C-alpha cells in the first residue's frame, strides 16, 4: 500500500554469516529497489558493512544504518551522528563509569585482566571481570558465573542507583553486559524512516535474540528470515 520501504538487518539476512553479499543477491536488491526503496541496519560499523555489502554500500541502498542507525545514510549523505555521552551527557557518563569502577573493584574472582569497562559510541560494555580475558579465562569465569550469577547481581543494583535515567541493561555472552539509553537497539533507525511518507515499513532480520524489538515495534511489518535466500523468497513473494 502506497509508498513503502524495506529495511534489512545486515549479517545473516543479506549475507552468509561472516561473508560479503552475493552477486545474485546484490543484483536482486538493486532490481527490487527499482519499485520499492530499501535500507539496511545492523549493530556493526560502516567499514564492517562495507566488507559485507561492498564499499559503495551508500549507493546500493536508499538508507544505511550501521550501529543501529546511530550512523545513518540516505541517498549517500551522512545524515547525522549520536553518541552515548552527547545524548546522556558527560557527567551522566562519569556517574555510571565511576560507580561501575568502584563496584567492580569489590568483587573477588579467580582471574582479572583488563578492559573492565569498554566504551562504545551508543553503549557501555561493562564487566566485573574485564574483557581481554583469554580463551580458558573466559570459559572459567563463564562456568563460574553460571551458579554465581555475578552479572545479574550487578545489573540489578545499577538499575537501582540509576533508576530513572532512561537506561536499559543487558547481560549477554559469557563475560560482559551492555548498558545503553532506552530504545537504542535496531529500533533507533526507525526514526529516520517514519517521516518520508511510507505507508508500510518492512523489516527483515532476526526476530529473536528473546525478542528483537524492531521486529515487534508497531511501525514495522516484521519478516524474520533464516538467510539471504529466504530474504529473496519472501521479497519475491511479497513484492514483484
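Definition used throughout: the rigid core is the maximal C-alpha set that superposes within 1.5 Å between two forms. Positions refer to the first chain, counted from 1.
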Compare 56-64 with 211-219 and report which one shows the larger root mean square C-alpha deviation from this form in 4 other deposited structures of this protein once the rigid core is superposed.
211-219
Output the stretch, either 176-184 or 192-200, that has more C-alpha displacement from this form in 4 other deposited structures of this protein following superposition by the rigid core.
176-184
Size class of the missing deposited segment between residue 209 and residue 210
1 to 3
Which wins on mean Cα temperature factor, 41-49 or 191-199?
191-199
Can you tell me whether 67-75 has a higher mean C-alpha B factor than 153-161 in this record, or the other way round?
153-161
Looking at the entry's B-factor column for C-alpha atoms only, identify whether residue 56 ranks in the lowest, middle or highest third of its chain.
lowest
Compare the C-alpha B factor of residue 35 with those of the other modelled residues in its chain, then answer lowest, middle or highest third.
highest
In terms of its chain's C-alpha B-factors, the third that includes residue 95 is the middle
How does residue 21 rank on Cα B-factor within its chain, lowest, middle or highest third?
lowest
Where does residue 148 sit by CA temperature factor within its chain: lowest, middle or highest third?
highest
